[PDB]
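Colleague: need coordinates for the below:
(2 chains)
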Amino acid sequence: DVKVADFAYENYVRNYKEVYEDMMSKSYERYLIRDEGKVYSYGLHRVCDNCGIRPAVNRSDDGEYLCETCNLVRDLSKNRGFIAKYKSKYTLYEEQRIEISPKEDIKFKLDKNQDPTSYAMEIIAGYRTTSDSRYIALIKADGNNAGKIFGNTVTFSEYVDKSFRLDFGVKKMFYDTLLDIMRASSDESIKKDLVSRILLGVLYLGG
RNA sequence: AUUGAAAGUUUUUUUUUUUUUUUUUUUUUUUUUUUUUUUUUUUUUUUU
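Modeller: Numbers count the residues shown, from 1 in each chain, chains lettered A, B, ... in the order given. Next up is the structure itself:
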């Protein structure tokens, strides 16, 4: 959904509140739609009947659990995604640059015939071996009353500064927490593995 | 005749072991079985 509002004039730049007002005003256009006829498999399962002109739900290597859209997304993610993060080498540039190689830091002993992407959730959880029971936690954070706070902004520059400060401070907090974990006065292998697992278990951070 | 279905949250684990209601505590301290009462009264060592 594309929302466009006038940004600034020749001798005047509008404050964030008015711009957001214009954006929200030009939002009814989203709710206008027209009629279309198609078929999309409910989720990605089974072989429905519906209209039979097209071929059925494509078969999968594991059997029959692959819809076309999910098939395409899986094809896209086969090369890049979590596996790319695992096969990377993150470096923490500080007074002593320290690198992290999950391919060499995770202590999950797997046979060469096993797929790390399949056991990605277990790896992030912390299964050092397949015969391990261990829960994994999810952390979601969000700012408080951000919308009205940005509404009560004197100038657009103030809004930009506040957003930049928020994002950079969030990233700084995460980095400092990682540094604190790194400086734990314990064996470097343990902290390296923990940092690798934490880094792998990140979906999106910022703002 | 629900998009549509058929699966026991089940098996398995003794709230058990250690610990003496025990030590100390004399039913004794005191009190004369005495106290008033005469073994007394009557009777001729004696006759034909």
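
Colleague: use CA for all of it now, contacts and neighbours both
Modeller: OK.

Colleague: what number of residues lie near residue A:200?
Modeller: Other residues within reach of residue A:200, judged by other CA atoms under 10 Å, total 19.

Colleague: which helix in chain A runs the most residues?
Modeller: Counting residues, the longest helix found in chain A (DSSP state H) is helix A:156-182.

Colleague: next, the buried residues of that helix.
Modeller: Within helix A:156-182, the residues that qualify as buried are A:156, A:159, A:178, A:182, counting by 16 or more other CA atoms under 10 Å.

Colleague: wait, the first one sits on residue A:15?
Modeller: Read that as residue A:156. Yes. If you go by CA atoms under 8 Å, residue A:156 and residue A:15 touch, sitting 5.1 Å apart.

Colleague: quick one, strands of chain A?
Modeller: A:90-92, A:98-100 (DSSP state E).

Colleague: how about those, which one is nearest residue A:124?
Modeller: Among the strands of chain A, strand A:98-100 comes nearest to residue A:124, with 15.1 Å by CA to CA.

Colleague: check the offset of that closest one from the chain's centre.
Modeller: Using CA atoms, centre = their mean, to the nearest Å, the mean C-alpha position of strand A:98-100 is found 22 Å from that of the whole chain.

Colleague: quick one: which of the strands of chain A is nearest residue A:171?
Modeller: Comparing the strands of chain A by CA to CA, strand A:90-92 comes nearest, at 13.0 Å.

Colleague: and the gap between residue A:124 and residue A:193?
Modeller: Computed with CA to CA, to the nearest Å, the distance linking residue A:124 and residue A:193 is 10 Å.

Colleague: try residue A:168
Modeller: Remark: distance between residue A:168 and residue A:193 (CA to CA) = 26 Å.

Colleague: find the nearest non-adjacent residue to residue A:26, please.
Modeller: Leaving aside its sequence neighbours, residue A:26 sits nearest to residue A:3 (CA to CA, 6 or more residues apart in numbering; 7.0 Å).

Colleague: quick one: the helices in chain A?
Modeller: A:16-25, A:28-31, A:68-79, A:82-86, A:102-105, A:120-125, A:146-151, A:156-182, A:188-200.
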